[PDB]
Amino acid sequence: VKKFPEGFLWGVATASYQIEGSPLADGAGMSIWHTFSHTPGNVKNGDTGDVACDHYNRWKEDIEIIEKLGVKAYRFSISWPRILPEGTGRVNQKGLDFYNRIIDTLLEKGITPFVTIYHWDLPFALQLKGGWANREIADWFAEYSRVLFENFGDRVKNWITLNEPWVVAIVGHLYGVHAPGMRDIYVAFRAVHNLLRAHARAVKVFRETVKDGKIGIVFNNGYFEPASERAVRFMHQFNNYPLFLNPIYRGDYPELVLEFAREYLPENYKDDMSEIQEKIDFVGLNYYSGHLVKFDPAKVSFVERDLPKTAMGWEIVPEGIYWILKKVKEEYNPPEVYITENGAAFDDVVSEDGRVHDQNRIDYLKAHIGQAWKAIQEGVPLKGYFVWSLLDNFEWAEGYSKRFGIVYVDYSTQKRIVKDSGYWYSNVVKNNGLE
Ligand SMILES: OC[C@@H]1[C@@H](O)[C@H](O)[C@@H](O)c2[nH]c(CCc3ccccc3)c[n+]21
């Protein structure tokens, strides 16, 4: 038996473009994920977020699933171009109304909204002006965030500026695998820097607008282990929270990031560091897998290990979640931490019995929840844990071919089938831990 602290926030998480569909409904502007996925060759099977889980219509049912499962928190994101179709200036009341209804429904059901302000669907109109490459995005983002705080901050008290700014910068602008699909290392590091400035500006406005709320930021993290007996030190500093937390807490990028990337950063990047240090209330960590890592003349390659893997091909390494939780306290001692995403893709099928017997996912969640428990026992101020995801959904460049949900979605009918893992999780939430 592993019981969690009183009032521990058990959650599930989604993102607007991945679940909503109807990207252009009710006066919404195009996002970069709309244009990226409608470009041939970018997404597996030519899949797009045009329909997705149709959450844009089915939102009430979906929240009723959250309620029935007894889940206590919902992390969801807001589509920037639903709110400001051109990115700045005009505010679309119908986009505000869409999320207002979600927010009021969650509150009425006593479910705590965690709102991710940016989970990757930049307005296309701002991408035309360079998007994350343009320093002015700190102003655009601040204006957007202000709108959200002004309209929703009376009810929503827990806010996340950015989901996984490393992914946004590097996967979007160096690897070219995500929107806006670019491969320029100088643009990618200017996006890193501008994401920090935009984050800090948004926190600054939050303090002026929502005096009773909490705001944080979310980072992706891998558990990197050395193949033999430094490449690990670099992967952690670059791929994990330190890329952003070293600026936020210490006023500079980490040491091995500067060694590799100084030339790609703006020359006078330090001038912005004072503002980047804006105080945050919590850190969200997303964690999924581990990686065997070796020097290789970025001077690092991964090494395949046996290990059970998910359908993503991601090595299942549960002690990784413990390690990253301990490590973030050891390095930056944030006052609160949340696991804002943890989950697994498996090749789910509906059995003849009408059920989805995803024991593989139960095993994955159970193992990680157990390790997060361990971290709490050794003093990590973990305040919550969010399963990625409530629903099978549009998995970015993998399209619909990867299912991460604890609820199965039959996309032909939009039927939701609660998976064994969903039922299992509901029991964990009800009991406030494992047994
Ligand atoms: O891959 C599953 C989930 C996504 O559906 C979420 O939107 C996103 O927040 C998220 N981040 C990660 C870990 C970082 C990552 C992103 C993209 C590709 C590979 C790793 C895994 N996930």
# chains A, B, ... in the order shown; residues from 1 in each chain; ligands from 1
>>> closest_atom_pairs(of="region 85-110 of chain A", to="region 5-29 of chain A", cutoff="12 Å", atoms="only C-alpha atoms", output="Markdown table")
| residue | atom | partner | partner_atom | distance |
| --- | --- | --- | --- | --- |
| A:85 | CA | A:29 | CA | 3.9 |
| A:86 | CA | A:29 | CA | 6.2 |
| A:87 | CA | A:29 | CA | 8.1 |
| A:88 | CA | A:29 | CA | 11.0 |
| A:90 | CA | A:29 | CA | 10.7 |
| A:91 | CA | A:28 | CA | 10.0 |
| A:92 | CA | A:27 | CA | 7.0 |
| A:93 | CA | A:27 | CA | 9.3 |
| A:94 | CA | A:26 | CA | 6.3 |
| A:95 | CA | A:28 | CA | 7.1 |
| A:96 | CA | A:28 | CA | 10.6 |
| A:97 | CA | A:26 | CA | 10.4 |
| A:98 | CA | A:26 | CA | 9.7 |
| A:99 | CA | A:16 | CA | 10.4 |
>>> write_last_selection(atoms="C-alpha atoms", output="CSV table (one decimal), in the first residue's frame")
chain,number,residue,atom,x,y,z
A,85,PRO,CA,-7.6,34.6,-34.8
A,86,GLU,CA,-4.7,36.9,-36.0
A,87,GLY,CA,-2.6,36.1,-32.9
A,88,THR,CA,-2.8,39.7,-31.6
A,90,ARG,CA,-9.0,41.0,-32.3
A,91,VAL,CA,-10.5,38.8,-29.6
A,92,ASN,CA,-13.0,36.1,-30.7
A,93,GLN,CA,-15.8,35.8,-28.2
A,94,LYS,CA,-16.9,32.4,-29.5
A,95,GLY,CA,-13.5,30.9,-28.7
A,96,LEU,CA,-13.6,32.4,-25.2
A,97,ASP,CA,-17.1,30.9,-24.9
A,98,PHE,CA,-15.9,27.4,-25.9
A,99,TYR,CA,-13.4,27.3,-23.0
>>> residues_near_ligand(ligand="ligand 1", cutoff="6 Å", atoms="only C-alpha atoms and all ligand atoms", output="number ranges by chain")
A: 167, 220, 395
>>> write_last_selection(atoms="N, CA, C and O atoms", output="PDB file, in the first residue's frame")
ATOM      1  N   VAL A 167      10.790  21.090 -27.073  1.00  0.00           N
ATOM      2  CA  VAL A 167      10.171  20.455 -28.247  1.00  0.00           C
ATOM      3  C   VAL A 167       9.809  21.572 -29.251  1.00  0.00           C
ATOM      4  O   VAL A 167      10.205  21.511 -30.390  1.00  0.00           O
ATOM      5  N   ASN A 220       9.721  18.698 -20.996  1.00  0.00           N
ATOM      6  CA  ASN A 220       9.908  17.283 -21.281  1.00  0.00           C
ATOM      7  C   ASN A 220      11.207  16.820 -20.614  1.00  0.00           C
ATOM      8  O   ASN A 220      12.163  17.618 -20.429  1.00  0.00           O
ATOM      9  N   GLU A 395      -1.694  12.209 -32.498  1.00  0.00           N
ATOM     10  CA  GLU A 395      -0.350  12.179 -31.948  1.00  0.00           C
ATOM     11  C   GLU A 395       0.676  12.883 -32.853  1.00  0.00           C
ATOM     12  O   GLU A 395       1.648  12.265 -33.322  1.00  0.00           O
TER      13      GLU A 395
END
>>> closest_residue(among="A:89, A:425, A:36, A:252", to="residue 268 (chain A)", atoms="only C-alpha atoms")
A:252
>>> closest_residue(among="A:127, A:333, A:401, A:209", to="residue 191 (chain A)", atoms="only C-alpha atoms")
A:127
>>> atom_distance(atom1="CA of residue 422 (chain A)", atom2="CA of residue 405 (chain A)")
8.2 Å
>>> residues_around(residues="residue 281 (chain A)", least_positions_apart="5", cutoff="10 Å", atoms="only C-alpha atoms", output="tab-separated table (two decimals) with N, CA, C and O atoms, in the first residue's frame")
chain	number	residue	atom	x	y	z
A	158	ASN	N	-4.76	27.81	-11.72
A	158	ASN	CA	-3.55	27.04	-11.94
A	158	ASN	C	-3.22	27.08	-13.44
A	158	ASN	O	-3.99	26.57	-14.25
A	159	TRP	N	-2.07	27.65	-13.78
A	159	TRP	CA	-1.79	28.07	-15.18
A	159	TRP	C	-0.40	27.58	-15.53
A	159	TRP	O	0.51	27.53	-14.66
A	160	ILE	N	-0.23	27.18	-16.79
A	160	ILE	CA	1.07	26.76	-17.33
A	160	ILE	C	1.31	27.61	-18.58
A	160	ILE	O	0.44	27.63	-19.47
A	203	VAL	N	4.24	35.47	-17.08
A	203	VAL	CA	4.24	35.44	-15.59
A	203	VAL	C	4.11	36.85	-14.99
A	203	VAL	O	3.28	37.09	-14.09
A	213	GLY	N	-3.75	33.37	-7.98
A	213	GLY	CA	-3.45	32.15	-8.74
A	213	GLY	C	-2.02	31.68	-8.64
A	213	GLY	O	-1.20	32.35	-8.04
A	214	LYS	N	-1.75	30.52	-9.23
A	214	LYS	CA	-0.41	29.96	-9.37
A	214	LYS	C	-0.08	29.67	-10.85
A	214	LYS	O	-0.94	29.22	-11.62
A	215	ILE	N	1.17	29.94	-11.22
A	215	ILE	CA	1.62	29.78	-12.60
A	215	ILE	C	2.99	29.10	-12.64
A	215	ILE	O	3.88	29.38	-11.81
A	216	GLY	N	3.14	28.20	-13.60
A	216	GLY	CA	4.35	27.44	-13.80
A	216	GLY	C	4.60	27.21	-15.29
A	216	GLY	O	4.02	27.88	-16.14
A	217	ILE	N	5.46	26.26	-15.57
A	217	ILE	CA	5.90	25.95	-16.92
A	217	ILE	C	6.24	24.46	-16.96
A	217	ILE	O	6.65	23.89	-15.94
A	334	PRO	N	12.46	23.74	-6.71
A	334	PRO	CA	11.27	24.54	-6.90
A	334	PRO	C	10.35	24.28	-5.71
A	334	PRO	O	10.41	23.20	-5.12
A	335	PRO	N	9.52	25.27	-5.35
A	335	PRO	CA	8.63	25.08	-4.20
A	335	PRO	C	7.54	24.00	-4.39
A	335	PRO	O	7.18	23.30	-3.44
A	336	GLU	N	7.00	23.87	-5.61
A	336	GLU	CA	6.09	22.77	-5.95
A	336	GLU	C	6.46	22.13	-7.29
A	336	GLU	O	6.91	22.83	-8.21
A	337	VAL	N	6.25	20.82	-7.40
A	337	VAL	CA	6.40	20.11	-8.67
A	337	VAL	C	5.09	19.38	-8.98
A	337	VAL	O	4.36	18.94	-8.07
>>> residues_around(residues="region 172-177 of chain A", least_positions_apart="6", cutoff="7 Å", atoms="only C-alpha atoms", output="PyMOL selection string")
chain A and resi 183-185+187-188+397
>>> decode(residues="region 162-196 of chain A", atoms="N, CA and C atoms", output="PDB file, in the first residue's frame")
ATOM      1  N   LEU A 162       3.914  27.448 -20.981  1.00  0.00           N
ATOM      2  CA  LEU A 162       4.380  26.670 -22.125  1.00  0.00           C
ATOM      3  C   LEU A 162       4.456  25.206 -21.806  1.00  0.00           C
ATOM      4  N   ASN A 163       3.967  24.393 -22.742  1.00  0.00           N
ATOM      5  CA  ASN A 163       4.306  22.988 -22.820  1.00  0.00           C
ATOM      6  C   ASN A 163       5.543  22.704 -23.635  1.00  0.00           C
ATOM      7  N   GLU A 164       6.573  22.207 -22.956  1.00  0.00           N
ATOM      8  CA  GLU A 164       7.754  21.623 -23.572  1.00  0.00           C
ATOM      9  C   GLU A 164       8.419  22.563 -24.555  1.00  0.00           C
ATOM     10  N   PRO A 165       8.880  23.725 -24.059  1.00  0.00           N
ATOM     11  CA  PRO A 165       9.555  24.662 -24.979  1.00  0.00           C
ATOM     12  C   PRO A 165      10.763  24.062 -25.714  1.00  0.00           C
ATOM     13  N   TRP A 166      11.401  23.034 -25.147  1.00  0.00           N
ATOM     14  CA  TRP A 166      12.476  22.385 -25.901  1.00  0.00           C
ATOM     15  C   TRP A 166      11.923  21.777 -27.182  1.00  0.00           C
ATOM     16  N   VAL A 167      10.790  21.090 -27.073  1.00  0.00           N
ATOM     17  CA  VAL A 167      10.171  20.455 -28.247  1.00  0.00           C
ATOM     18  C   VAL A 167       9.809  21.572 -29.251  1.00  0.00           C
ATOM     19  N   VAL A 168       9.087  22.583 -28.797  1.00  0.00           N
ATOM     20  CA  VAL A 168       8.670  23.714 -29.644  1.00  0.00           C
ATOM     21  C   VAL A 168       9.863  24.278 -30.437  1.00  0.00           C
ATOM     22  N   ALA A 169      10.978  24.545 -29.749  1.00  0.00           N
ATOM     23  CA  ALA A 169      12.186  25.070 -30.395  1.00  0.00           C
ATOM     24  C   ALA A 169      12.859  24.072 -31.265  1.00  0.00           C
ATOM     25  N   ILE A 170      13.263  22.940 -30.686  1.00  0.00           N
ATOM     26  CA  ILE A 170      14.172  22.047 -31.374  1.00  0.00           C
ATOM     27  C   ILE A 170      13.455  21.105 -32.323  1.00  0.00           C
ATOM     28  N   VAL A 171      12.330  20.537 -31.905  1.00  0.00           N
ATOM     29  CA  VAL A 171      11.626  19.628 -32.829  1.00  0.00           C
ATOM     30  C   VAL A 171      10.936  20.431 -33.949  1.00  0.00           C
ATOM     31  N   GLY A 172      10.475  21.640 -33.618  1.00  0.00           N
ATOM     32  CA  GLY A 172       9.801  22.499 -34.598  1.00  0.00           C
ATOM     33  C   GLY A 172      10.752  23.229 -35.530  1.00  0.00           C
ATOM     34  N   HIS A 173      11.949  23.583 -35.037  1.00  0.00           N
ATOM     35  CA  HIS A 173      12.793  24.516 -35.792  1.00  0.00           C
ATOM     36  C   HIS A 173      14.209  24.018 -36.170  1.00  0.00           C
ATOM     37  N   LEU A 174      14.633  22.895 -35.573  1.00  0.00           N
ATOM     38  CA  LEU A 174      15.906  22.239 -35.910  1.00  0.00           C
ATOM     39  C   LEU A 174      15.648  20.914 -36.584  1.00  0.00           C
ATOM     40  N   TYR A 175      14.819  20.066 -35.964  1.00  0.00           N
ATOM     41  CA  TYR A 175      14.572  18.764 -36.552  1.00  0.00           C
ATOM     42  C   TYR A 175      13.581  18.889 -37.715  1.00  0.00           C
ATOM     43  N   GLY A 176      12.709  19.899 -37.657  1.00  0.00           N
ATOM     44  CA  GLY A 176      11.693  20.071 -38.728  1.00  0.00           C
ATOM     45  C   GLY A 176      10.572  19.040 -38.735  1.00  0.00           C
ATOM     46  N   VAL A 177      10.443  18.307 -37.641  1.00  0.00           N
ATOM     47  CA  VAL A 177       9.484  17.211 -37.536  1.00  0.00           C
ATOM     48  C   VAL A 177       8.121  17.694 -37.026  1.00  0.00           C
ATOM     49  N   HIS A 178       8.122  18.808 -36.311  1.00  0.00           N
ATOM     50  CA  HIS A 178       6.875  19.440 -35.873  1.00  0.00           C
ATOM     51  C   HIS A 178       6.735  20.796 -36.536  1.00  0.00           C
ATOM     52  N   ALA A 179       5.542  21.364 -36.478  1.00  0.00           N
ATOM     53  CA  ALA A 179       5.331  22.724 -36.968  1.00  0.00           C
ATOM     54  C   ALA A 179       6.281  23.685 -36.241  1.00  0.00           C
ATOM     55  N   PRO A 180       6.794  24.708 -36.937  1.00  0.00           N
ATOM     56  CA  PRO A 180       6.562  25.094 -38.328  1.00  0.00           C
ATOM     57  C   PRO A 180       7.403  24.354 -39.363  1.00  0.00           C
ATOM     58  N   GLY A 181       8.091  23.285 -38.962  1.00  0.00           N
ATOM     59  CA  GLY A 181       8.830  22.423 -39.876  1.00  0.00           C
ATOM     60  C   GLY A 181      10.140  22.968 -40.404  1.00  0.00           C
ATOM     61  N   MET A 182      10.911  23.649 -39.570  1.00  0.00           N
ATOM     62  CA  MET A 182      12.138  24.281 -40.040  1.00  0.00           C
ATOM     63  C   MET A 182      13.372  23.497 -39.581  1.00  0.00           C
ATOM     64  N   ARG A 183      14.492  23.696 -40.275  1.00  0.00           N
ATOM     65  CA  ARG A 183      15.747  23.053 -39.878  1.00  0.00           C
ATOM     66  C   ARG A 183      16.834  24.094 -39.984  1.00  0.00           C
ATOM     67  N   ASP A 184      16.917  24.931 -38.949  1.00  0.00           N
ATOM     68  CA  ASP A 184      17.937  25.959 -38.827  1.00  0.00           C
ATOM     69  C   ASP A 184      18.291  26.037 -37.341  1.00  0.00           C
ATOM     70  N   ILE A 185      19.548  25.726 -37.014  1.00  0.00           N
ATOM     71  CA  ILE A 185      19.975  25.693 -35.601  1.00  0.00           C
ATOM     72  C   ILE A 185      20.014  27.089 -34.983  1.00  0.00           C
ATOM     73  N   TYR A 186      20.273  28.113 -35.793  1.00  0.00           N
ATOM     74  CA  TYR A 186      20.266  29.463 -35.285  1.00  0.00           C
ATOM     75  C   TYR A 186      18.841  29.918 -34.980  1.00  0.00           C
ATOM     76  N   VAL A 187      17.911  29.590 -35.865  1.00  0.00           N
ATOM     77  CA  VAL A 187      16.503  29.894 -35.537  1.00  0.00           C
ATOM     78  C   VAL A 187      16.040  29.122 -34.281  1.00  0.00           C
ATOM     79  N   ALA A 188      16.382  27.823 -34.206  1.00  0.00           N
ATOM     80  CA  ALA A 188      15.996  26.967 -33.063  1.00  0.00           C
ATOM     81  C   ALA A 188      16.493  27.528 -31.738  1.00  0.00           C
ATOM     82  N   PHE A 189      17.734  28.026 -31.676  1.00  0.00           N
ATOM     83  CA  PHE A 189      18.188  28.627 -30.402  1.00  0.00           C
ATOM     84  C   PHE A 189      17.610  29.998 -30.134  1.00  0.00           C
ATOM     85  N   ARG A 190      17.301  30.778 -31.175  1.00  0.00           N
ATOM     86  CA  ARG A 190      16.569  32.011 -30.905  1.00  0.00           C
ATOM     87  C   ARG A 190      15.153  31.717 -30.404  1.00  0.00           C
ATOM     88  N   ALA A 191      14.541  30.618 -30.881  1.00  0.00           N
ATOM     89  CA  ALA A 191      13.216  30.221 -30.356  1.00  0.00           C
ATOM     90  C   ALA A 191      13.325  29.823 -28.866  1.00  0.00           C
ATOM     91  N   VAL A 192      14.305  28.984 -28.519  1.00  0.00           N
ATOM     92  CA  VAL A 192      14.590  28.721 -27.071  1.00  0.00           C
ATOM     93  C   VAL A 192      14.552  29.986 -26.274  1.00  0.00           C
ATOM     94  N   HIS A 193      15.307  30.984 -26.719  1.00  0.00           N
ATOM     95  CA  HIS A 193      15.491  32.230 -25.959  1.00  0.00           C
ATOM     96  C   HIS A 193      14.196  33.037 -25.886  1.00  0.00           C
ATOM     97  N   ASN A 194      13.522  33.154 -27.018  1.00  0.00           N
ATOM     98  CA  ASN A 194      12.251  33.870 -27.061  1.00  0.00           C
ATOM     99  C   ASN A 194      11.117  33.219 -26.280  1.00  0.00           C
ATOM    100  N   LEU A 195      11.138  31.906 -26.199  1.00  0.00           N
ATOM    101  CA  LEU A 195      10.180  31.139 -25.377  1.00  0.00           C
ATOM    102  C   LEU A 195      10.337  31.498 -23.900  1.00  0.00           C
ATOM    103  N   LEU A 196      11.578  31.554 -23.430  1.00  0.00           N
ATOM    104  CA  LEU A 196      11.856  32.060 -22.082  1.00  0.00           C
ATOM    105  C   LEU A 196      11.358  33.485 -21.865  1.00  0.00           C
TER     106      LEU A 196
END
